2 protein chains.
Amino acid sequence: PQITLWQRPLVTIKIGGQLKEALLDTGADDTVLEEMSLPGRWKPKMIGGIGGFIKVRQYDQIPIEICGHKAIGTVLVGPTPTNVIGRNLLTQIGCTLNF
Amino acid sequence: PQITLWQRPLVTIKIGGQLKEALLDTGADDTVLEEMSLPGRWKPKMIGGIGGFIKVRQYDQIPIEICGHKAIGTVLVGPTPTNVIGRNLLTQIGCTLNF
Ligand SMILES: COC(=O)N[C@H](C(=O)NN(CC[C@@](O)(Cc1ccccc1)C(=O)N[C@H]1c2ccccc2C[C@H]1O)Cc1ccc(-c2ccccn2)cc1)C(C)(C)C
């Protein structure tokens, strides 16, 4: 689909069998979601944004659906102000910017 | 043009008679650039992202050119870790997400 940007590019994602709302963010390198539970062991990671950095838990090879498009990749979990889908997953669903 | 997301979507912008590199950020509500001088009146604003909030100066009706596409709008100036082009300007150059 083609999503204009007059409003936030919020979409429904499915992870761990649950539906959540997330922001398609071309400015984000990675994908970070609000506190939730995920299987397996996690690794530490520090991600930086506009206001500084936050510590997050890194889970790899996690199945995640974005607007119906299936993806399997790294999902970060921590105190993010909002759920954000970064380029690591945007590339998996074949997303591009066009103008 | 069509910008892939394998790498950060960086483009050249023209503003305040200066040439700078900025990031096309669909996850950004506003456009915020690192410290620079801009003409006209301004007012303080607190914007938040991963990490918390930072204080920036808000300049309105500022002419800007992105990848050859002219537009005008609000430009924020402050201690942002990187130059960001938000939705307020992405819409003007007809930028959309596609997959
Ligand atoms: C390489 O680092 C990243 O890609 N970080 C991601 C990220 O923050 N991306 N962000 C964009 C993030 C976001 O879109 C997330 C958000 C969306 C909605 C609500 C709250 C947060 C954002 O903050 N948006 C705000 C925003 C941003 C600019 C102007 C106005 C506004 C208003 C808000 O909409 C861009 C960015 C890139 C690099 C550095 C950086 C850091 C250190 C060193 C060098 N560079 C700092 C900011 C993330 C997510 C933490 C993985």
# chains A, B, ... in the order shown; residues from 1 in each chain; ligands from 1
call {"tool": "residues_around", "arguments": {"residues": "segment 97-99 of chain B", "least_positions_apart": "5", "cutoff": "10 Å", "atoms": "only C-alpha atoms", "output": "list in words"}}
result
residues 1, 2, 3, 4, 5, 9, 24, 25, 26, 69, 90, 91, 92, 93, 94, 95, 96, 97, 98 and 99 of chain A; 2, 3 and 26 of chain B
call {"tool": "write_last_selection", "arguments": {"atoms": "N, CA and C atoms", "output": "short mmCIF file (atom, residue, chain, number, x, y, z; two decimals), in the first residue's frame"}}
result
data_model
loop_
_atom_site.label_atom_id
_atom_site.label_comp_id
_atom_site.auth_asym_id
_atom_site.auth_seq_id
_atom_site.Cartn_x
_atom_site.Cartn_y
_atom_site.Cartn_z
N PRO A 1 0.83 -1.22 0.00
CA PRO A 1 0.00 0.00 0.00
C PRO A 1 0.86 1.26 0.00
N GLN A 2 0.21 2.40 -0.24
CA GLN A 2 0.89 3.68 -0.25
C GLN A 2 0.35 4.49 0.92
N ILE A 3 1.25 4.86 1.82
CA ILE A 3 0.88 5.61 3.01
C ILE A 3 1.40 7.05 2.95
N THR A 4 0.48 8.01 2.97
CA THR A 4 0.88 9.41 2.96
C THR A 4 1.31 9.76 4.38
N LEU A 5 1.90 10.93 4.57
CA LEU A 5 2.39 11.32 5.88
C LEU A 5 1.70 12.50 6.55
N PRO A 9 2.30 7.54 10.52
CA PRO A 9 2.16 6.25 9.84
C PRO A 9 2.05 5.10 10.84
N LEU A 24 5.67 3.28 11.65
CA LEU A 24 6.63 2.97 10.59
C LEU A 24 7.61 4.13 10.61
N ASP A 25 8.83 3.86 11.06
CA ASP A 25 9.86 4.89 11.22
C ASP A 25 11.12 4.72 10.37
N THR A 26 11.21 5.43 9.25
CA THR A 26 12.38 5.33 8.38
C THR A 26 13.63 5.91 9.05
N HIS A 69 2.17 -8.12 6.54
CA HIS A 69 3.41 -8.64 5.96
C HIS A 69 4.24 -9.35 7.01
N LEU A 90 11.48 -2.80 8.21
CA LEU A 90 10.89 -2.13 7.05
C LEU A 90 11.47 -2.72 5.77
N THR A 91 12.76 -3.07 5.79
CA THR A 91 13.38 -3.65 4.61
C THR A 91 12.83 -5.05 4.35
N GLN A 92 12.52 -5.78 5.42
CA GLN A 92 11.98 -7.13 5.26
C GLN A 92 10.63 -7.14 4.54
N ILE A 93 9.82 -6.10 4.75
CA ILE A 93 8.52 -6.03 4.09
C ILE A 93 8.56 -5.27 2.76
N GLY A 94 9.76 -4.90 2.33
CA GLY A 94 9.92 -4.21 1.06
C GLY A 94 9.44 -2.77 1.03
N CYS A 95 9.60 -2.08 2.15
CA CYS A 95 9.17 -0.69 2.23
C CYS A 95 10.22 0.27 1.68
N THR A 96 9.77 1.30 0.98
CA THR A 96 10.65 2.32 0.42
C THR A 96 9.98 3.68 0.54
N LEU A 97 10.77 4.74 0.39
CA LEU A 97 10.25 6.10 0.43
C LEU A 97 10.18 6.54 -1.02
N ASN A 98 9.13 7.28 -1.37
CA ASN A 98 8.95 7.72 -2.74
C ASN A 98 8.40 9.13 -2.86
N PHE A 99 8.96 9.91 -3.77
CA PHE A 99 8.49 11.26 -4.02
C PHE A 99 8.94 11.74 -5.39
N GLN B 2 13.04 6.81 -5.85
CA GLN B 2 12.69 5.77 -4.89
C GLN B 2 13.90 5.53 -4.00
N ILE B 3 13.73 5.78 -2.71
CA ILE B 3 14.80 5.60 -1.74
C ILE B 3 14.63 4.28 -0.99
N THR B 26 9.99 9.42 8.75
CA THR B 26 8.53 9.29 8.79
C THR B 26 8.02 9.17 10.23
#
call {"tool": "residues_near_ligand", "arguments": {"ligand": "ligand 1", "cutoff": "7 Å", "atoms": "only C-alpha atoms and all ligand atoms", "output": "number ranges by chain"}}
result
A: 25, 27-32, 47-50, 52, 81-82, 84, 86; B: 25, 27-32, 47-50, 80-82, 84, 86
call {"tool": "residues_around", "arguments": {"residues": "segment 54-59 of chain B", "least_positions_apart": "6", "cutoff": "8 Å", "atoms": "only C-alpha atoms", "output": "ChimeraX atom specification"}}
result
/A:50-51 /B:38,40-48,74-80
call {"tool": "closest_residue", "arguments": {"among": "A:13, A:23, A:33, A:67", "to": "chain B", "atoms": "only C-alpha atoms"}}
result
A:23
call {"tool": "closest_residue", "arguments": {"among": "B:39, B:85, B:15, B:53", "to": "residue 70 of chain B", "atoms": "only C-alpha atoms"}}
result
B:15
call {"tool": "atom_distance", "arguments": {"atom1": "atom CA of residue 34 of chain B", "atom2": "atom CA of residue 62 of chain B"}}
result
15.3 Å
call {"tool": "atom_distance", "arguments": {"atom1": "atom CA of residue 6 of chain B", "atom2": "atom CA of residue 16 of chain A"}}
result
26.1 Å
call {"tool": "closest_residue", "arguments": {"among": "A:7, A:36, A:18, A:72", "to": "chain B", "atoms": "only C-alpha atoms"}}
result
A:7
call {"tool": "closest_residue", "arguments": {"among": "B:8, B:87, B:20, B:14", "to": "residue 66 of chain B", "atoms": "only C-alpha atoms"}}
result
B:14
call {"tool": "closest_residue", "arguments": {"among": "A:73, A:63, A:68, A:37", "to": "chain B", "atoms": "only C-alpha atoms"}}
result
A:68
